[PDB]
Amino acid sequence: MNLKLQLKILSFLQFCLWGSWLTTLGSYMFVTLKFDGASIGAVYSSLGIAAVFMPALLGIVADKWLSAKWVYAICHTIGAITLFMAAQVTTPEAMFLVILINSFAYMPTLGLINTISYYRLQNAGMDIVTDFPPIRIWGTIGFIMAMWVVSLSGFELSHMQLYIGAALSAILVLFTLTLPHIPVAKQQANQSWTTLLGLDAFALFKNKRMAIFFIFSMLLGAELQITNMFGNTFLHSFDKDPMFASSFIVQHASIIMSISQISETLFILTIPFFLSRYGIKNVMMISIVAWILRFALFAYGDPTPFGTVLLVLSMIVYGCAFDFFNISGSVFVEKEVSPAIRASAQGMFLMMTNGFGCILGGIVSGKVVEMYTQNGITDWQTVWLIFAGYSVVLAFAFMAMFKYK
């Protein structure tokens, strides 16, 4: 096999297994397994708890000299067995457990694939700087195509998606064997990204200013993944309306929610411009307004003609909110760091924001959906408005932060 082909298939398989179930797992638990939003949020909460430990296990791989190929293979083997059980759990606490084990195996993969590909491309004498972007993009292509194929086959509400993920994890394992051998000795002299984490990178919390900032960014990020968790559940909620039971957006919610990940990818191209044109605080503010718009368009969104427009426009707006918030937060955080602490500040901003925001937001949004569900019916308008108001006030807290001197 061509090595570029191999790494592309590897990247595609890496996210196509995750996207088979990750968006639709909530509505599977809600509509099929009849969970409440609090336990669905709890189950989604495990990914944050795994992600927050992911630097530790990647660090032990580097330190006690484990091979990324083989660790990657063992980790996907655990991921496949785990999704295989997931298609069988039926009770929430067990779902949280198997998803906990699955997230613990899978998250360390977000780093192992990058490690694998850098050294394999260098082994072949290839350009890492220009060849990584064509490989990494197949992962998003795979994630979207998994969403789409599972949605089209009729497995949005089934546990078949978990079997699809189990099968794709297993194929990923056995294709993973074929990869070239690279001595772990060849991987030396390179300081791990994980070493810029660890327990002295909390030194950045010496500054009360930056500390308060990180807390608001943790708070703000607490809602970064809410509509990946629940927009599918909300879009299926139109089944009670017989006008909309038939609707493609109601039956095929994953293709209508795919616009968000697509916008997430293509809005990365507009970031250099808005960073240059407006600057850091401004981009943070536009991020915030885009999250307010994102939630409010969900509150007033229907499978109707105008409702569909509002839904599709918030799906477009999500990519702006997500991309812009990570870039401007990373860069602002960096701008107020000693130039030595600067890579570690970006690392802590992302794991604090997304990793800790994911635990916090999972449990929180779940309790919100549970509160506004009565008789099995969620009042998505009140839920979406709650989060939109939270978005608004986070706008005011960030403005108060930026104008304080």
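Residues carry their position along the shown sequence, with the first being 1.
The mean C-alpha temperature factor is higher for 206-214 when 206-214 and 91-99 are set side by side. Looking at 114-122 and 326-334 together, the entry lists the larger mean B-factor for 326-334, computed on C-alpha atoms.
As recorded in the entry, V129 carries the highest CA temperature factor of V129, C75, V309, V150. As recorded in the PDB entry, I341 shows the highest C-alpha B-factor of the residues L47, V368, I341, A42. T353: CA B factor in the highest third of modelled residues in this chain (values from the PDB entry). Compared with the other modelled residues of the chain, the Cα B-factor recorded for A397 ranks in the middle third.
In the PDB entry, a CA B factor belonging to the highest third of its chain's modelled residues is recorded for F53. When the modelled residues of the chain are ordered by their C-alpha B factor, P133 lands in the lowest third. The entry lists a Cα temperature factor for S192 that places it in the middle third of the chain's modelled residues.
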